Structures are given as structure tokens and as C-alpha cells.
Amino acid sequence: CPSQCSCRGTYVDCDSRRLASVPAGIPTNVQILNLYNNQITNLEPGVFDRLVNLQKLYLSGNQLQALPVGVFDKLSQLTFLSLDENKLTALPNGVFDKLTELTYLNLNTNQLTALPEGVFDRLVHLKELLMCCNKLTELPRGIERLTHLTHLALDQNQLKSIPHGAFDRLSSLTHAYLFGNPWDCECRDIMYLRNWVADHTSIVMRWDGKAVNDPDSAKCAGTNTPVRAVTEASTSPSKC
């Protein structure tokens, strides 16, 4: 066990300990590594490579701007990965490709403007995908294939519409967060999202410290009228 952390079995608790780097003594038997709420600013190239039994990795609440290429590649058992509340400005190509068992991925509250091509394509088992509070300007391509999703968080980005049909195979969704985006309701491309929200009112959620059902929380930029109240005649294909 690392000097400044506490280990109970295969649980290594390094949370809330003002760590400026990943600590040296992490046991090879670790299954849950909790590094939440520290001041870690980078990961060294092969830091997790020996931690082959990891199931859950909490990197929430740190100061990461980037990740080393291949940093998660040896974590073949990983099911849970949180990277929320860092300041990631990009992800390396293929960063999640080896994480075949992942069911939970949290990228909330970073500085992402775009994701690598096909970044989620290998994550066939994903049930929860959270990427609120970034600077995304379009829906990451490939999300439409993630048919086992129950939770999808896209709130508080810079999204203006959703590509036609993108949510149609996501038939297991129970929680979809869409608020806080500048939806472009003047453009006729908004109509798919309008129709989809209106057809799925019970799963669209806002966040009052917790999930709250509210289909009107997806709102039009400028007017702050509900997206589902948009009429086709109020839109034009020449305003896109």
C-alpha cells in the first residue's frame, strides 16, 4: 500500500489526499483504485500497466489536461472509468479501445472540443456515457451504435442539433440529459430532436442536484422556448 493511502483489501483509497502525482506503492492485486479529489496534473506513460486486475478507476476531480497514448491499454478487466472534473483539452486516438468490459465512462466537466474518430466504437458494453459540461459542437459519431446505454449526458455543451436518427437505436435509455445547449431552432435540422424529445418525454432529464424528469428542459438558443414546442413552419433549411 502507498504510504499516503489506505488499502482494505483490493480497494486502494487515495482520495482527497492532496496528491500531486500518482503515488508509488500501488499493489498489483488492486481492483478499485480511488484517486478522486487530488491535484494530479499528469499521468506518466506506463503508470497503470502493472495494474492488470483493475475493475474501477476513479480519476475524478484532478487537473489532467492530457493523457499519454496507451495509458489504459493494459486494463483488460476495467468496467468503470471516471475522468470527470479534470481539464482535458483532447483525448489520444484509440484511448479507450482496449477497455472491452467498460460499462461506465464519465467525461463530465472537462475542456473537450472534439473527440478522436471512433473513440467509443469498441465500447460495445457501455451502459452509461456522461460527457456534460464540455465544449462539444456536434454529437460524437458512433454514439448511435451504443445500444445498451441507459444513461447519456450531453448537457451544457455547445450542441446546436442532433443528426437525423442518431438516438433511434438507443432503446434502453432511461436518462437523457440535453439541457444547457444552444439548440438552433431556426434551422430545420432541429426537427429530429424536436420529434424525438416529444416522443420520449419520460426519459429527458434536467439536474436539480439530482435527476428530474423535464422534457421542456432542452431549450432553443436565444428564445429559451422548449425544443419540443418547435413547429416545422418556424424553421427553414436555409438558416443552417
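The first residue of the sequence shown is number 1, and the count goes up from there.
42-50 and 55-63 differ in mean CA B-factor, and the higher of the two is recorded for 42-50. Per the PDB record, of the two stretches 1-9 and 229-237, 1-9 carries the greater mean B-factor over its C-alpha atoms.
Looking only at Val124, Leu129, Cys133, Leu81, the residue with the top Cα B factor in the deposited structure is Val124. The maximum CA B-factor among the listed residues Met191, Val197, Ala176, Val212, taken from the PDB record, is found at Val212. The PDB entry assigns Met205 a C-alpha temperature factor belonging to the middle third of its chain's modelled residues. When the modelled residues of the chain are ordered by C-alpha B-factor, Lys74 sits in the middle third.
When all modelled residues of the chain are sorted by CA temperature factor, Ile32 is found within the middle third. Among all modelled residues in its chain, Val119 ranks in the middle third by Cα B-factor. When the CA B factors of the chain's modelled residues are split into thirds, the value for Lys98 lands in the lowest one.
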